[PDB]
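Sequence lines set the chain letters: A, B, ... in the order given, protein chains first and strands last, and positions in each chain run from 1. As a basis for the values below, the full set of heavy atoms in this structure was taken, side chains included, without hydrogen atoms, waters or symmetry mates.
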Amino acid sequence: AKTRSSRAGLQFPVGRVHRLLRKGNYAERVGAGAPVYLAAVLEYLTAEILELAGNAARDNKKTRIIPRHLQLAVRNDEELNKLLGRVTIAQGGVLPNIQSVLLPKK
Amino acid sequence: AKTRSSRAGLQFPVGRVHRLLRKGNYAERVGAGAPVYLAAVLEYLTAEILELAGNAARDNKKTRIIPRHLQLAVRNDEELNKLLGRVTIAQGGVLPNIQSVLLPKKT
Amino acid sequence: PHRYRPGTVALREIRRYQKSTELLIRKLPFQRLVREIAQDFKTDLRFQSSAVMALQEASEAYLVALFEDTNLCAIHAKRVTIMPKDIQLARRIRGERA
Amino acid sequence: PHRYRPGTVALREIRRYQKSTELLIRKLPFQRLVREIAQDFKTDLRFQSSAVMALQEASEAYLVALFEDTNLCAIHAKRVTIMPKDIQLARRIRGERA
Amino acid sequence: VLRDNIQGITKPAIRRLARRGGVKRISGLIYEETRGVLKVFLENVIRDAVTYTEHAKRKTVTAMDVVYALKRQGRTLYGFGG
Amino acid sequence: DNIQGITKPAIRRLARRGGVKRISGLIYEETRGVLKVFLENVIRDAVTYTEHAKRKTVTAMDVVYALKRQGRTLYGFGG
Amino acid sequence: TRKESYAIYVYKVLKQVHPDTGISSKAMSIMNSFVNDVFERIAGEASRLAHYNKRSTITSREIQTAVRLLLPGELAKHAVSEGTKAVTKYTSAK
Amino acid sequence: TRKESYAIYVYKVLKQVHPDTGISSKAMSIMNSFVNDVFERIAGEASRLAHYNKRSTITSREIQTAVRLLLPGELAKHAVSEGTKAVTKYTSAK
DNA sequence: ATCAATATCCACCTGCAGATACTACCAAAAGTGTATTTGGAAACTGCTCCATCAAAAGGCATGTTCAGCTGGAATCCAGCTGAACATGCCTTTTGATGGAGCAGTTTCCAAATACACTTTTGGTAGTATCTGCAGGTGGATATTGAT
DNA sequence: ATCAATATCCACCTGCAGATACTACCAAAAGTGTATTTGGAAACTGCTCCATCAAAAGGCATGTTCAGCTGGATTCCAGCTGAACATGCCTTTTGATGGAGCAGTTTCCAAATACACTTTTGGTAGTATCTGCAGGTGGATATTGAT
């Protein structure tokens with residue numbers, strides 16, 4: 001017996017997503033393509049964030065992705081930043097930003 | 001055979017509210033006490049806004065509550081204003097309000 | 001000839017428009033704008049009239065509420081004349097463009 | 001007798017705290033504040049350590065972002081010194097106020 | 001052929017809205033500023049409304065699609081079945 | 001008092017992370033007051049979820065759910 | 001084919017609070033959106049509350065907690081009374 | 001009692017994207033919250049979509065419209081692409 | 001203060017869009033009565049983890065002195081923006097017409113629920129070892145600021 | 001432009017908190033085969049209502065003139081807020097020791113679901129008749145601004 005994830009060619013657990021859609025009371029029924037589609041959309045977004053967080057980890061001479069790296073990856077990306085606009089990432093800090101009028105007159 | 005609303009001493013339809021809770025997929029089961037309670041809350045809230053709107057309709061020498069009256073009654077009430085803080089009542093307009101500094105002369 | 005001083009009519013107008021609820025943007029012009037923007041998204045669309053009216057009630061309530069916040073930013077700047085920067089400051093704080 | 005000019009060290013601090021993520025309010029003092037407030041809704045409550053830490057991370061992130069908005073309102077007013085009215089204006093526009 | 005209808009949002013109509021918003025004095029650049037702001041607001045709402053329309057396989061935008069689009073944006077509207 | 005336990009230096013460090021350079025003396029009391037309204041709102045909700053579950057211990061999850069319905073979603077503490 | 005609304009019930013309550021006052025259809029439409037909106041928000045809170053507690057049933061209790069979560073201080077205190085009251089009455093009738 | 005989490009499937013995706021990069025427990029906890037959050041936002045919108053159209057089934061179509069409604073421009077285009085892809089590849093397999 | 005040009009208020013009132021009244025029909029809603037199924041309260045309680053307490057360590061907060069420099073008050077003035085006016089466009093409106101397309105009734109099978117069975121798995125636990133990097137030491141070098 | 005005082009950066013190092021790893025146990029979970037049921041696409045189409053066209057018209061937009069007064073620029077100085085200390089109060093680490101109570105397991109019964117009928121009702125379609133108030137009219141009061 002081969003798993004549903006393996007068939008759809010995914011890492012995320014298609015069977016779990018299906019089970020979760022059902023026990024969530026989203027609808028009376030849940031077509032079979034739905035947990036596949038959704039599982040892949042979740043994997044992708046995970047890949048997009050881990051890809052950028054990873055770069056951030058590189059740019060900081062580090063190999064281990066920490067909350068800081070996830071915050072920099074999200075706030076420096078226009079789309080991810082919007083999608084997570086009302087979200088607070090614990091121990092993320094903020095982007096280095098100083099209003100120009102506050103800088104020395106030179 | 002009385003209606004569940006009369007059994008509860010309510011005007012709002014308990015049978016309907018119980019029915020809507022099921023078709024909205026909120027949980028696998030809906031206890032018979034849920035719609036009774038919820039129908040009471042809806043009625044009370046409806047009563048509260050109608051009370052105030054009816055008064056706003058009197059202050060403007062009107063017999064019929066129109067949308068402006070509902071807006072006046074919600075804006076002028078701190079709590080109904082909080083509960084409907086992200087709501088737009090069509091044809092409601094706004095509350096007469098002019099920032100002080102915009103007024104003429106001094107003293 | 002009689003002439004009201006600058007600002008008197010503006011105030012007369014505020015009391016006037018704050019007292020009424022009718023829509024302030026012309027009907028048909030607003031309808032062409034909606035059909036233009038929608039068309040640029042999907043050709044061959046039709047609109048229930050109430051759908052157009054719904055958007056006009058939402059847009060105007062949004063603009064009025066926006067001008068209130070804008071007016072407060074101007075007053076904060078010790079002005080009584082709103083400018084693009086005020087609108088921009090309100091939209092930024094509102095998180096419409098943080 | 002060395003002495004840095006007003007603003008140089010403050011600016012130096014902005015750069016320092018914007019690079020780190022550690023919480024900035026002392027923990028025990030915060031925990032006390034939390035327990036006191038809750039005591040007002042329900043007596044004899046216990047708090048998971050992770051619960052308190054969740055409140056803190058949420059509160060600081062909230063205050064920090066509010067200072068960003070506040071700072072923009074002070075700057076809007078052509079100042080570099082944030083004041084209560086800047087906080088009020090920011091909260092009012094966010095809808096957390098009026 | 002629909003072109004430049006954003007200009008249908010006239011200076012007087014924008015002044016009136018400002019008046020209801022409690023505004024006394026308007027700078028000359030506010031009119032273009034407001035048209036730009038309105039257009040973005042309508043693009044976002046119509047985009048969602050039309051998306052609800054297509055999903056239902058209709059060619060007609062209903063008052064409800066609009067009402068549902070508005071609620072997603074946190075602009076709940078009362079009075080149109082919505 | 002406790003709210004007064006949130007020291008000036010800490011409110012200053014907070015402002016710094018928020019990019020603030022100069023701070024008026026009235027800010028410290030303003031802030032404390034704002035912080036208290038924030039925590040009362042969030043805790044009021046967490047405790048409500050706590051009582052509903054018939055517990056006497058506020059859990060991280062209770063807080064996270066409170067934050068989510070206040071539109072302040074928080075990642076990292078479960079949920 | 002059938003289109004339900006709270007019109008007949010809004011109206012009954014209207015005559016209780018204001019015997020000689022009417023309501024325009026446009027205002028009634030708004031009242032109807034209001035009742036639906038609050039209903040959904042309340043059932044939504046309850047729904048989630050139930051799930052957060054691995055409960056598959058939404059009883060008057062979840063409804064009560066939702067109300068406390070959703071309404072401002074004073075509207076909640078009264079809503080809770082009316083509800084508890086309607087449930088107590090209902091319970092002793094059958 | 002067991003406590004599920006998306007941690008393992010996250011780590012798997014991590015090593016594909018950055019084979020020589022690790023992730024801290026706290027960062028993993030953040031990624032789990034993220035996956036749970038997007039799942040709920042996505043499922044919830046599909047829910048409403050089905051309801052609005054008087055449908056009792058959430059198909060891959062509702063998940064698609066939900067994704068278009070929820071995600072920003074490009075993120076949306078690609079997610080749709082990945083989505084269609086996995087559903088196609090899944091069908092072309094006994 | 002006096003006065004005159006206008007806006008504002010309101011009583012009086014007519015026309016009518018919209019609200020109110022009623023009989024009719026009826027399909028979906030809502031209630032009654034059983035038989036059948038089970039969610040979750042209730043009591044007992046093992047184990048996790050929260051509340052405490054000892055308690056130097058010393059870090060970080062507080063009180064103070066000094067003066068740099070920012071905020072707020074005052075002054076001047078170019079020209080932006082409001083008020084009023086003339087002109088006449090185009091939105092609003094009353095109203096009919098075709099027909100697109102939304103929506104109702106129905107026929108019907110691809111697809112989902114419902115189980116029962118078998119098999120695979122990811123989470124909990126230990127037990128033991130491995131390592132990315134926070135944190136400390138130097139020493140170079142840039143930044144800040146007085147001259 | 002020079003030059004002392006500090007901060008900031010960096011290359012290197014070591015210890016440990018926490019990430020990695022092999023083994024093992026196991027209940028819940030995921031896949032599979034079979035029987036039964038149904039959601040909702042299809043096809044046909046009744047019928048609502050959207051897009052158009054027509055026309056008369058005056059409400060209202062556009063464009064210009066003009067000057068009141070607001071915003072912008074500039075100057076000025078009182079005093080607040082930052083920097084730098086000297087001081088010492090209490091946050092912080094943490095080790096550990098009761099024990100609260102969260103969470104797992106077993107019961108078992110009020111309450112929910114399923115199911116078959118009967119009675120009730122809100123919504124709708126067809127006409128038909130009131131009524132609150134919008135909007136016009138005329139004239140008395142109130143507001144505003146020049147003198």
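The phosphate of J:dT113 has OP1 or OP2 within less than 4.0 Å of a side-chain N or O from B:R22. Side-chain nitrogen and oxygen atoms of G:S25 include at least one within less than 4.0 Å of the OP1 or OP2 phosphate oxygen of I:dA19. Residue D:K78 has no polar side-chain atom (N or O) positioned under 4.0 Å from OP1 or OP2 of I:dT70. Between D:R5 and I:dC66, a side-chain N or O to OP1/OP2 separation shorter than 4.0 Å is absent. Within the 4.0 Å cut-off from OP1 or OP2 of I:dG71, at least one side-chain nitrogen or oxygen of D:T81 is found. Contact between the side-chain N/O atoms of F:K54 and the OP1/OP2 oxygens of I:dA41 is found at a separation under 4.0 Å. The phosphate of J:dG40 has OP1 or OP2 within less than 4.0 Å of a side-chain N or O from H:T57. A sub-4.0 Å separation between OP1 or OP2 of J:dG31 and a side-chain N or O of A:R4 is present. The phosphate of J:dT91 (OP1 or OP2) has a side-chain N or O of D:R32 nearer than 4.0 angstrom. At least one side-chain nitrogen or oxygen of A:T63 sits closer than 4.0 Å to the OP1 or OP2 atom of I:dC133. Between E:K59 and I:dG101, a side-chain N or O to OP1/OP2 separation shorter than 4.0 Å is present. Contact annotation: D:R35 side-chain N/O to I:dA51 OP1/OP2 distance is under 4.0 Å. OP1 or OP2 of J:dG40 has at least one side-chain nitrogen or oxygen of H:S56 nearer than 4.0 Å. Of the side-chain N and O atoms in A:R68, none sit less than 4.0 angstrom from OP1 or OP2 of I:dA134.
Using Watson-Crick or G-U wobble geometry with both donor-acceptor distances under 3.5 Å, I:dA17 finds its partner in J:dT131. Shown here, I:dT147 forms a base pair with J:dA1; the pair counts as Watson-Crick or G-U wobble because both key distances fall under 3.5 Å. Nucleotide J:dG31 forms a pair with I:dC117, judged by Watson-Crick or G-U wobble geometry with both contacts under 3.5 Å. Under the Watson-Crick or G-U wobble criterion, with both distances below 3.5 Å, J:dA55 is paired with I:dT93. Base pairing analysis places I:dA73 opposite J:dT75; the two distances defining the Watson-Crick or G-U wobble pair are each below 3.5 Å. With a 3.5 Å ceiling on both atom-pair distances, the Watson-Crick or G-U wobble partner of I:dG63 is J:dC85. Look at I:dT141: its Watson-Crick or wobble partner, with both distances under 3.5 angstrom, is J:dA7. Nucleotide J:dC102 forms a pair with I:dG46, judged by Watson-Crick or G-U wobble geometry with both contacts under 3.5 Å.
At a threshold of 4.0 angstrom between heavy atoms, the contacts of D:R16 with the nucleic acid are absent. Across all strands, C:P29 comes closer than 4.0 Å only to sugar-phosphate atoms, never to a base (heavy-atom distances). Note on B:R64: only backbone sugar-phosphate atoms sit closer than 4.0 angstrom, heavy atoms only; bases stay farther off. Note on D:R3: a base of the nucleic acid sits closer than 4.0 angstrom, heavy atoms only. Using a 4.0 Å heavy-atom distance criterion, D:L28 is classed as a base contact. At the heavy-atom level, H:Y9 lies under 4.0 Å from the strands shown only through sugar-phosphate atoms. At a threshold of 4.0 angstrom between heavy atoms, the contacts of D:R15 with the nucleic acid are absent. The residue F:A10 sits apart from the nucleic acid: no heavy atom pair falls under 4.0 Å. Note on G:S24: only backbone sugar-phosphate atoms sit closer than 4.0 angstrom, heavy atoms only; bases stay farther off. B:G31 comes within 4.0 angstrom of the backbone, heavy atoms only, and of no base. In this structure, H:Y6 reaches neither bases nor backbone, as no heavy-atom distance under 4.0 Å exists between it and the strands shown. No engagement by A:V14 is indicated, since no non-hydrogen atom pair under 4.0 Å with the nucleic acid exists. Within 4.0 Å of E:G28, counting heavy atoms only, lie sugar-phosphate atoms of the nucleic acid but no base atom. Residue contacts for G:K94: at a heavy-atom cut-off of 4.0 Å it reaches the sugar-phosphate backbone alone, with no base atom in range.
Per the geometry, NE2 belonging to E:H55 stands 14 Å off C1' belonging to J:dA41, to the nearest Å. Rounded to whole Å, atom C1' of I:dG132 lies 15 Å from atom NZ of H:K26.
Comparing B:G33 and D:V9 along DNA chain J, the residue whose closest nucleotide (by nearest heavy atom) sits nearer the 5' end is D:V9. When the nearest nucleotides of DNA chain J are assigned to D:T8 and B:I65 by heavy-atom distance, the more 5′-ward of the two goes with D:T8.
Separating the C1' atom of I:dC53 from that of I:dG132 is a span of 36 Å, rounded to the nearest Å. Nucleotides J:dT14 and J:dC90 place their P atoms 42 Å apart, quoted to the nearest Å. Atom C1' of J:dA19 sits at a distance of 27 Å from the matching atom of J:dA96, rounded to the whole Å.
What you find for E:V61 and C:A51 is that their closest heavy atoms are O-CB, 3.5 Å. Nearest heavy-atom pair, B:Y26 versus B:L20, reported as atom, atom and distance to 0.1 Å: CE1-O, 4.0 Å. The two residues H:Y90 and A:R4 make their nearest non-hydrogen contact at OH-CD, 3.0 Å.
In terms of polar N and O atoms assigned as donor or acceptor, the side chain of A:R29 never comes within less than 3.5 Å of the base of I:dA112 in a complementary pairing.
Defined by atom type and a distance below 3.5 Å, a donor-acceptor pair is present between the side-chain atoms of C:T81 and E:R25. D:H76 and D:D86 are not linked by any side-chain donor-acceptor pair at a separation below 3.5 angstrom, with hydrogens and angles left out of the test.
Comparing J:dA30, J:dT91, I:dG104 by their nearest atom to the side chain of G:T1 picks out I:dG104. The side chain of A:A1 sits closest to J:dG31 out of J:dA61, I:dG72, J:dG31. Out of I:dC102, I:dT6, J:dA29, the shortest distance to the side chain of A:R19 is found at J:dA29. Checking I:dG31, I:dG82, J:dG145 against the side-chain heavy atoms of B:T3 singles out I:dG31 as nearest.
Atom CD1 of B:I66 is separated from atom CD of B:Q91 by 8.5 Å, given to the nearest 0.5 angstrom.
Look at G:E62 and G:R55 and you find no salt bridge, because none of the NZ, NE, NH1 or NH2 atoms lies under 4.0 Å from a carboxylate O.
No more than 12 heavy atoms of other residues, nucleotides or ligands lie within 6.0 Å of CZ in A:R58, so this atom counts as exposed by the packing criterion.
A side-chain donor-acceptor contact under 3.5 Å links H:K15 to the backbone of H:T21. Under the 3.5 Å distance criterion, the side-chain polar atoms of E:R19 are matched with a main-chain donor or acceptor of E:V23.
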